[PDB]
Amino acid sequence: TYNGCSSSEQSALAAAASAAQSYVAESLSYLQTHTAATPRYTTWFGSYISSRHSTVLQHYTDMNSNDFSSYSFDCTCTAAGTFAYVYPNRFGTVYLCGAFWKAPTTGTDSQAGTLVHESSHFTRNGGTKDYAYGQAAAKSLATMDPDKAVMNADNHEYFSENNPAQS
């Protein structure tokens, strides 16, 4: 369901959720077939180790079971700089803010990527935290502290967005 959303916002969210679902599905597939270090995995989750890969894999396996199209959206947040927020223990409800709207559907820091970001926040999906914000910061975190990177919402979004595309 939707709360305080316009017609434009509802359709943008439907497509965003559908694009998010596709992001998570391919990311899951990718993780199941790529069992060694690749530029895409290491850029976002740092040095390749099975234990961290299992954690990101589980995150995606759980996120994959999520039905993004059944999520409850709330568009009452007008904070111009914030994309969206969620309560880790209040599953399926995503509150969208101002910045979310000016973002593209897919791509870098997109609406669909934001859903992957927020979704990974749910304790049921793995409960990521907000350690670093942005590609610059996310990549740094992945080279400075892989453990945090695998528990960072943005690093999940960027691995899924994969833009610039890496193999």
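One rule holds for the numbers: they count along the sequence shown, beginning at 1.
Undergrad: When the Cα temperature factors in the entry are averaged, is it 42 to 50 or 118 to 126 that ends up higher?
TA: Comparing 118 to 126 with 42 to 50, the higher mean C-alpha B-factor belongs to 42 to 50.
Undergrad: Mind pulling up the entry and telling me whether 76 to 84 or 92 to 100 has the higher mean Cα temperature factor?
TA: Looking at the recorded C-alpha B-factors, 76 to 84 comes out higher on average.
Undergrad: Report the option among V56, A137, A37, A112 whose CA atom has the maximum B-factor in the deposited record.
TA: Of the options given, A37 has the highest CA B-factor in the PDB entry.
Undergrad: Among the modelled residues of this chain, does the Cα B factor of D145 put it in the lowest, middle or highest third?
TA: Within its chain, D145 is a highest-third residue by C-alpha B-factor, going by the deposited values.
Undergrad: Going by what the PDB entry lists, where does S70 fall on CA B-factor within its chain: lowest, middle or highest third?
TA: Highest third - that is where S70 ends up once the chain's C-alpha B-factors are sorted.
Undergrad: For the chain shown, is the CA B-factor of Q166 in the lowest, middle or highest third of its modelled residues?
TA: Tercile = middle for this residue's CA B-factor.
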